[PDB]
């Protein structure tokens, strides 16, 4: 199971859009049109729409799949991370997006969720005190998010591994078929407020 880690240093208000920019970019690449199966086992694939998202707290624009429900799902759990970050303080958090297949297991054991890929975005929130803080921050993280999306595209293009196309009965072990307008790969979004760890040895 492959892992990629990204870091962003962002102001408090810009944490939501910065996360949506990362999550949507990954899920745009990690989803397809919905499958409509025929009794013969064949299936058609629907069309995915995309739309631009202008960020307000960041001078930045990203592309997400045009599913209104997927957006509501991520904005909600991004808000869970946002609220948890401010309830805690100082010694800083991370959100994780993981894709997994469902494997069948003999009774009594329930089905195995087997990750094939996970993304972790570590978040550092900085405090600002003049208005020049906020404006140059709006520019600076936008340029930083450009680097991240470029790095996401460049790991996504490795074509490392992908689960094989499921049959009509296997479909819910590979895809999240619960949405109206896109079927992502089965994904899990959890977050975690971590501690701050020092640095030991230079190595100068």
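Between two forms, the rigid core is the largest collection of C-alphas that superpose within 1.5 Å. Residue numbers count along the first chain shown, from 1.
- Taking the root mean square of CA deviations in 4 other deposited structures of this protein after fitting on the rigid core, 62-70 and 153-161 differ, and the farther of the two is 153-161.
- Note on 105-113 and 75-83: with rigid core alignment, C-alpha atoms in 4 other deposited structures of this protein sit farther from this form for 105-113.
- In the deposited sequence, the stretch from residue 131 to residue 132 has no residues without coordinates, so the chain runs on without a break.
- With 191-199 and 9-17 compared on mean CA B-factor from the PDB entry, the stretch scoring higher is 191-199.
- Mean CA temperature factor is higher for 103-111 when stretches 117-125 and 103-111 are set side by side in the entry.
- Of the candidates 161, 37, 62, 175, the PDB record gives 161 the highest C-alpha temperature factor.
- In the deposited coordinates, the residue among 169, 42, 32, 50 with the greatest CA B-factor is 169.
- Residue 67: CA B factor in the lowest third of modelled residues in this chain (values from the PDB entry).
- When all modelled residues of the chain are sorted by CA temperature factor, residue 85 is found within the highest third.
- When all modelled residues of the chain are sorted by CA temperature factor, residue 74 is found within the lowest third.
- In the deposited entry, the Cα temperature factor of residue 147 sits in the bottom third of values across the chain's modelled residues.
- Sort the chain's modelled residues by C-alpha temperature factor and residue 97 lands in the lowest third, per the entry.
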